[PDB]
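Student: One structure, pasted below without further comment.
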Amino acid sequence: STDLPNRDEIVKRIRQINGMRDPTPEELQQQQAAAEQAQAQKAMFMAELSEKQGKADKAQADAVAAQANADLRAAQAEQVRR
Amino acid sequence: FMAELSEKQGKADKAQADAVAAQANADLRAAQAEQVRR
């Protein structure tokens, strides 16, 4: 609004530091940056969730393997005793 | 970021395949116990 000696450059710089509007190239760059950041965050969250689920599955299957090894050891002991 | 994502995905795949290997080893141990019992 104000009558600065050089207004357009100052206005566009304050738009840069603020990031809002009211220019197509700046809008395109900002949209691309936001989309890339959102995609990276979503991919990282998905990878972390997949890692956690895989760790849970590994622990459960390790439990199954331990139980089966226990059964095998018990059977071997029973056979050896007899 | 790509390297970190690849590392996380590969760790998840490794854990899942370790789960599969543990399940198969459990099946093998159960089969061995069944064979020994008879």
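Chain lettering (A, B, ...) mirrors the order of the structure tokens, residue numbering begins at 1 for each chain separately, and ligand numbering begins at 1 in order of display.
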At a cut-off of 12 Å, list the chain A residues touching chain B, using only C-alpha atoms, as a ChimeraX atom specification.
Tutor: /A:36-37,39-82
Student: Got a sec to tell me which of chain A DSSP assigns to helix (DSSP H, G or I), as number ranges by chain?
Tutor: A: 8-18, 24-81
Student: Got a sec: who's within 12 Å of region 19-21 of chain A, counting only C-alpha atoms, leaving out chain neighbours fewer than 4 positions off, as a ChimeraX atom specification?
Tutor: /A:11-15,26-27,29-31,33-34
Student: Just N, CA, C and O atoms for this one: save the residues we selected as a PDB file, in the first residue's frame.
Tutor:
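Contents of the output file part_16.pdb:
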ATOM      1  N   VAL A  11       8.106  -5.392  -2.421  1.00  0.00           N
ATOM      2  CA  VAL A  11       6.893  -6.186  -2.254  1.00  0.00           C
ATOM      3  C   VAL A  11       7.162  -7.649  -2.572  1.00  0.00           C
ATOM      4  O   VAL A  11       6.763  -8.540  -1.814  1.00  0.00           O
ATOM      5  N   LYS A  12       7.854  -7.927  -3.680  1.00  0.00           N
ATOM      6  CA  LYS A  12       8.090  -9.322  -4.041  1.00  0.00           C
ATOM      7  C   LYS A  12       9.035 -10.000  -3.055  1.00  0.00           C
ATOM      8  O   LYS A  12       8.899 -11.198  -2.786  1.00  0.00           O
ATOM      9  N   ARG A  13       9.988  -9.256  -2.486  1.00  0.00           N
ATOM     10  CA  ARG A  13      10.844  -9.863  -1.469  1.00  0.00           C
ATOM     11  C   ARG A  13      10.070 -10.190  -0.197  1.00  0.00           C
ATOM     12  O   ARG A  13      10.308 -11.229   0.433  1.00  0.00           O
ATOM     13  N   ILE A  14       9.155  -9.311   0.214  1.00  0.00           N
ATOM     14  CA  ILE A  14       8.363  -9.625   1.400  1.00  0.00           C
ATOM     15  C   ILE A  14       7.398 -10.768   1.105  1.00  0.00           C
ATOM     16  O   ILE A  14       7.056 -11.557   1.995  1.00  0.00           O
ATOM     17  N   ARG A  15       6.956 -10.889  -0.148  1.00  0.00           N
ATOM     18  CA  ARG A  15       6.203 -12.076  -0.542  1.00  0.00           C
ATOM     19  C   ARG A  15       7.065 -13.326  -0.433  1.00  0.00           C
ATOM     20  O   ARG A  15       6.588 -14.383  -0.006  1.00  0.00           O
ATOM     21  N   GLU A  26       7.324 -18.053  -9.432  1.00  0.00           N
ATOM     22  CA  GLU A  26       7.435 -18.227  -7.987  1.00  0.00           C
ATOM     23  C   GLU A  26       6.387 -19.203  -7.472  1.00  0.00           C
ATOM     24  O   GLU A  26       6.680 -20.053  -6.622  1.00  0.00           O
ATOM     25  N   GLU A  27       5.155 -19.094  -7.977  1.00  0.00           N
ATOM     26  CA  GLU A  27       4.107 -20.030  -7.587  1.00  0.00           C
ATOM     27  C   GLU A  27       4.464 -21.453  -7.996  1.00  0.00           C
ATOM     28  O   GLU A  27       4.259 -22.397  -7.225  1.00  0.00           O
ATOM     29  N   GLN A  29       7.506 -22.722  -8.446  1.00  0.00           N
ATOM     30  CA  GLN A  29       8.593 -23.204  -7.599  1.00  0.00           C
ATOM     31  C   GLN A  29       8.089 -23.578  -6.211  1.00  0.00           C
ATOM     32  O   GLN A  29       8.464 -24.625  -5.665  1.00  0.00           O
ATOM     33  N   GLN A  30       7.232 -22.737  -5.624  1.00  0.00           N
ATOM     34  CA  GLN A  30       6.699 -23.032  -4.297  1.00  0.00           C
ATOM     35  C   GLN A  30       5.850 -24.296  -4.311  1.00  0.00           C
ATOM     36  O   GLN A  30       5.953 -25.132  -3.404  1.00  0.00           O
ATOM     37  N   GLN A  31       5.001 -24.453  -5.330  1.00  0.00           N
ATOM     38  CA  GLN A  31       4.171 -25.648  -5.423  1.00  0.00           C
ATOM     39  C   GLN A  31       5.023 -26.897  -5.595  1.00  0.00           C
ATOM     40  O   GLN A  31       4.749 -27.932  -4.978  1.00  0.00           O
ATOM     41  N   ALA A  33       8.141 -27.323  -4.589  1.00  0.00           N
ATOM     42  CA  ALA A  33       8.819 -27.588  -3.323  1.00  0.00           C
ATOM     43  C   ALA A  33       7.870 -28.228  -2.316  1.00  0.00           C
ATOM     44  O   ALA A  33       8.230 -29.195  -1.633  1.00  0.00           O
ATOM     45  N   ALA A  34       6.648 -27.701  -2.213  1.00  0.00           N
ATOM     46  CA  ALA A  34       5.679 -28.253  -1.272  1.00  0.00           C
ATOM     47  C   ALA A  34       5.315 -29.688  -1.635  1.00  0.00           C
ATOM     48  O   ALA A  34       5.233 -30.561  -0.763  1.00  0.00           O
TER      49      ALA A  34
END
